[PDB]
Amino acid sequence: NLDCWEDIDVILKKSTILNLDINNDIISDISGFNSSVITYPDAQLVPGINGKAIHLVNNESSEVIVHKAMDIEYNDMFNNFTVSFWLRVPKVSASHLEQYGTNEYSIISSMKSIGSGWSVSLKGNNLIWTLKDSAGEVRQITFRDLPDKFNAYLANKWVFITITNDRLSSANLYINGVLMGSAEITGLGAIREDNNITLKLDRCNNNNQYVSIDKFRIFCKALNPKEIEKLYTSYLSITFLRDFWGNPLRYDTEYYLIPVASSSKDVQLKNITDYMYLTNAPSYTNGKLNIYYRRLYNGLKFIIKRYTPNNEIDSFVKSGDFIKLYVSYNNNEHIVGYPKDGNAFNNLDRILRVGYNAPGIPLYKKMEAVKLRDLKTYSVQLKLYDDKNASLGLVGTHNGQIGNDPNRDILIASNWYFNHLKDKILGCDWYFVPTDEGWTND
């Protein structure tokens, strides 16, 4: 066995030889080996999976260099190792796929005249892991991302990358703990890489290209699936809610809502004071490039507001936070709630109303933003309360009709969901999608 050095958490900690962390707006290695980290002028910091993350744009000043300490300098020459990091890449437009689809550029590398070592690179919608030994011998894992960009890994969402290397067998590439690619690597000689690990866009012809990298980490062993699962989920801090992209959910920000259980649906409004329902979102398809996705940014815009002042006006929404949900329609904001004795399906599934204002009729609008299930998904649940603080249920949808309107999946609040929180798919899970430069519909 060529690994180094029991409890999984202990193994993960002990086998870590490099761990980039960001505190006090400074990037440093907290592995204990103290490899020095050189941050260049245009390396930017942006919201991360748990704190801030490294943001790299396409210019010479945007880079972070890690100078390996002598104690780990030659750790991957003959022995096993694993590289892990959260990664976020913008969805590549149809135009850029045609124009730059064949341009392979590295983003993380240990390769310097022959360039032995390893590298993480991107080519169009392909994520590539490369190992090169001192003889120029090469081994690669090429991962072709899913055609459906709504579910793809290189389409603007934070995803967790993990690449294990067993010198006696093969290299395996994982995304969110799932095996996506592999390549036998036996027959490789010594790996003589550069003294530095460089995080930078190298040889990228698209000047507007950028990537985000977080928690860059290296282990001195080839992690097994169980360890990778624990590693991955260890970053999903359940106290802070996240938006569709994996970034922190924020107050006073416009979001489009999409039900996780019917991701091809957008939310629409019947009329002010009335109900909301689902409609099919338009879609984009390109046979030539073999890509497609339900288009985003259509439907109602929702805004989350603090029910009462939080900590120190923190901009991020915490699980357990009480809020007021509003719909921003024609520049006017209307609160979402359930009026006393309001129409409901079989007196159990309370039909939500937007901007309801019948005089003398109490409107229950106090909600709680929570994370009760599906840790790996960037979704949120919303619990509505009445005036006595009793639960009116979780926001979801119910199929049926109102008056003579067509059959529709109508937005409601129901306690029914609390008895099915273990289901794989549940109608009370919601994606909060904010407009982002990393995703423009073609």
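Heads up, when I say rigid core I mean the largest set of C-alphas that superpose within 1.5 Å between the two forms. Don't overthink the numbering: it's just position in the shown sequence, from 1.
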Comparing 298-306 with 74-82, larger root-mean-square C-alpha distance from this form in 6 other deposited structures of this protein, core superposed, belongs to 74-82
Core-aligned, which moves more in 6 other deposited structures of this protein: 92-100 or 340-348, by CA RMS? 340-348
I want to verify a possible break: how many residues of the deposited sequence sit between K112 and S113 without any coordinates (none, 1 to 3, 4 to 9, 10 or more)? 4 to 9
In terms of residues present in the deposited sequence but not modelled, what lies between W5 and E6: none, 1 to 3, 4 to 9, or 10 or more? 4 to 9
Where do the C-alpha atoms have the higher mean temperature factor in this entry, in 185-193 or in 140-148? 185-193
Decide which of the stretches 345-353 and 233-241 has the higher mean C-alpha B-factor, going by the entry. 233-241
Reading the B-factor column of the entry, which of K388, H398, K383, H55 has the highest value at its C-alpha atom? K388
Quick one: which of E254, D266, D214, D76 has the biggest Cα B-factor according to the entry? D76
Where does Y40 sit by CA temperature factor within its chain: lowest, middle or highest third? middle
Which third of the chain does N330 land in by C-alpha B-factor: lowest, middle or highest? highest
Lowest, middle or highest third: where is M70 by Cα B-factor in its chain? highest
Going by the CA temperature factor in the PDB record, which third of the chain does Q209 belong to: lowest, middle or highest? middle
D202: CA B-factor among chain residues, third -> middle
